[PDB]
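K.L.:
One structure, pasted below without further comment.
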Protein chains: 2
Amino acid sequence: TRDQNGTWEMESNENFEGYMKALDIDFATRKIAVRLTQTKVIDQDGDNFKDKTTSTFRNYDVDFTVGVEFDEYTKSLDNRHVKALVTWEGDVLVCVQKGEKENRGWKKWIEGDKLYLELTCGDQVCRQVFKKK
Amino acid sequence: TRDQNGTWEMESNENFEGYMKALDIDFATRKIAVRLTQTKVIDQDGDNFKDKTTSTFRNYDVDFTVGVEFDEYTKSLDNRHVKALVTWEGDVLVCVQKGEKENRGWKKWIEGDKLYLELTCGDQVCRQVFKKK
Ligand SMILES: *C/C=C(C)/C=C/C=C(C)/C=C/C1=C(C)CCCC1(C)C
């Protein structure tokens, strides 16, 4: 078939590094690129093609109900089991992940059109700010 | 407020390295992660949350008509101009990218539920396989 329409998810990628080196793509970029999954969206109508390639490293999906403890396997992060509980403290959503790691959890809250997330583990704190699309 | 619904685009990310290290995420993995932009999709109904964070690197878009030569600027790849021409050889879609690099182009074809993409540049060949979602 000549019909290449569809949404296509990468299954394998052989010698992407060699090809990128031939193009002179910088080292930093290649090191990232080889690790990414790619998704390809092809819109084909007769002889007209629109091709969109997107690259992704890892996803993280978590579902929870506030006030309901749950077993959480942090797959594709550090791969541990923790007992997670998310509760409200004012308008701050607060998560504690009980497990091997001390002081593990997070805080997530809104101010104006921005979302603030503070991730904690051990004595380390990571602070992230998101803007609404 | 407590409504955190929406699609959220990361604006900044402080000490992500510190946090991943405390989690014992491996060095190479940390170095890729710190570079990527994240998008957070939150679906909230009352106290029920579904959270999906996606880490992404680059995108590449190209539109063309089979048989019509066009100037391709490879923005976000090697940032060069090639005169690209895409043609059919049987059921294989074949592009030649004429410019500075020799043997530059690609081939795309369907076999079953799979899409095959061979990318070439200089003495290098990259082979990719995609499955329809
Ligand atoms: C017909 C479909 C084509 C030619 C798809 C081409 C996609 C690439 C040549 C991949 C480009 C990327 C890199 C070279 C590194 C950054 C990540 C990508 C996937 C955008």
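Chain labels run A, B, ... following the order of the structure tokens; each chain numbers its residues from 1, and ligands are numbered from 1 in the order shown.
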Compute the set of protein, DNA and RNA residues whose minimum atom distance to ligand 1 is at most 9 Å, using only C-alpha atoms and all ligand atoms, and state it as a ChimeraX atom specification.
P.N.:
/A:16,19-20,23,25,29-30,32-34,36-40,42,51-56 /B:57-62,74,76-78,93-95,105-108,117-119
K.L.:
According to DSSP computed on the backbone, where in chain B is there alpha helix (DSSP H)? Give the residues as a PyMOL selection string.
P.N.:
chain B and resi 16-22+27-33
K.L.:
Take the residues from that selection and put them in a file with C-alpha atoms, as a JSON list (two decimals), in the first residue's frame.
P.N.:
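File produced: selection_29.json:
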[["chain", "number", "residue", "atom", "x", "y", "z"],
["B", 16, "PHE", "CA", 15.63, 18.83, 39.54],
["B", 17, "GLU", "CA", 19.13, 17.28, 39.50],
["B", 18, "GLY", "CA", 19.40, 17.38, 43.28],
["B", 19, "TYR", "CA", 15.99, 15.74, 43.60],
["B", 20, "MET", "CA", 16.63, 12.97, 41.06],
["B", 21, "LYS", "CA", 20.01, 12.22, 42.67],
["B", 22, "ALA", "CA", 18.40, 11.82, 46.10],
["B", 27, "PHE", "CA", 23.59, 9.88, 36.14],
["B", 28, "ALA", "CA", 22.93, 9.52, 32.40],
["B", 29, "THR", "CA", 19.16, 9.57, 32.99],
["B", 30, "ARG", "CA", 19.42, 12.75, 35.14],
["B", 31, "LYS", "CA", 21.40, 14.53, 32.42],
["B", 32, "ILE", "CA", 18.72, 13.91, 29.80],
["B", 33, "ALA", "CA", 15.80, 14.73, 32.10]]
K.L.:
Using only C-alpha atoms, can you tell me which of A:66, A:41, A:84, A:96 comes closest to chain B?
P.N.:
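Of all the options, A:66 lies closest to chain B.
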K.L.:
Which residues are close to residue 115 (chain B), i.e. within 7 Å by only C-alpha atoms, leaving aside same-chain residues fewer than 2 positions away? Reply as a PyMOL selection string.
P.N.:
chain B and resi 109-111+113+117+129-131
K.L.:
Take the residues just selected and output them with N, CA, C and O atoms as an mmCIF file, in the first residue's frame.
P.N.:
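What ended up in again-v2.cif:
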data_model
loop_
_atom_site.group_PDB
_atom_site.id
_atom_site.type_symbol
_atom_site.label_atom_id
_atom_site.label_comp_id
_atom_site.auth_asym_id
_atom_site.auth_seq_id
_atom_site.Cartn_x
_atom_site.Cartn_y
_atom_site.Cartn_z
ATOM 1 N N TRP B 109 8.155 3.183 3.802
ATOM 2 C CA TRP B 109 7.177 2.274 3.205
ATOM 3 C C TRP B 109 6.387 1.504 4.253
ATOM 4 O O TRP B 109 6.824 1.376 5.397
ATOM 5 N N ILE B 110 5.227 0.994 3.836
ATOM 6 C CA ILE B 110 4.362 0.181 4.692
ATOM 7 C C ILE B 110 4.534 -1.305 4.412
ATOM 8 O O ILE B 110 4.538 -1.731 3.254
ATOM 9 N N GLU B 111 4.683 -2.088 5.480
ATOM 10 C CA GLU B 111 4.594 -3.551 5.413
ATOM 11 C C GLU B 111 3.707 -4.022 6.554
ATOM 12 O O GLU B 111 4.124 -4.033 7.708
ATOM 13 N N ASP B 113 1.122 -3.698 9.363
ATOM 14 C CA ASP B 113 0.698 -2.685 10.320
ATOM 15 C C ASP B 113 1.900 -1.845 10.776
ATOM 16 O O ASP B 113 1.832 -1.092 11.760
ATOM 17 N N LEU B 117 11.134 3.278 8.110
ATOM 18 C CA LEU B 117 11.797 4.507 7.706
ATOM 19 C C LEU B 117 13.303 4.256 7.750
ATOM 20 O O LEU B 117 13.874 3.924 8.804
ATOM 21 N N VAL B 129 11.479 1.595 12.866
ATOM 22 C CA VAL B 129 10.224 0.854 12.686
ATOM 23 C C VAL B 129 9.146 1.470 13.595
ATOM 24 O O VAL B 129 9.403 1.762 14.769
ATOM 25 N N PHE B 130 7.967 1.720 13.026
ATOM 26 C CA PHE B 130 6.859 2.295 13.779
ATOM 27 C C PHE B 130 5.662 1.368 13.661
ATOM 28 O O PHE B 130 5.487 0.688 12.637
ATOM 29 N N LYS B 131 4.831 1.355 14.701
ATOM 30 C CA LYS B 131 3.574 0.620 14.660
ATOM 31 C C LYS B 131 2.429 1.618 14.723
ATOM 32 O O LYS B 131 2.503 2.622 15.437
#
K.L.:
From the list B:98, B:133, B:80, B:104, which residue is nearest chain A when using only C-alpha atoms?
P.N.:
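Checking each of B:98, B:133, B:80, B:104 against chain A, counting only C-alpha atoms, the winner is B:133.
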K.L.:
Residues near residue 99 (chain A), anyone? I mean within 7 Å using only C-alpha atoms, not counting same-chain ones fewer than 5 positions away, as a list in words.
P.N.:
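Counting only C-alpha atoms, the residues come to residues 81, 82 and 83 of chain A.
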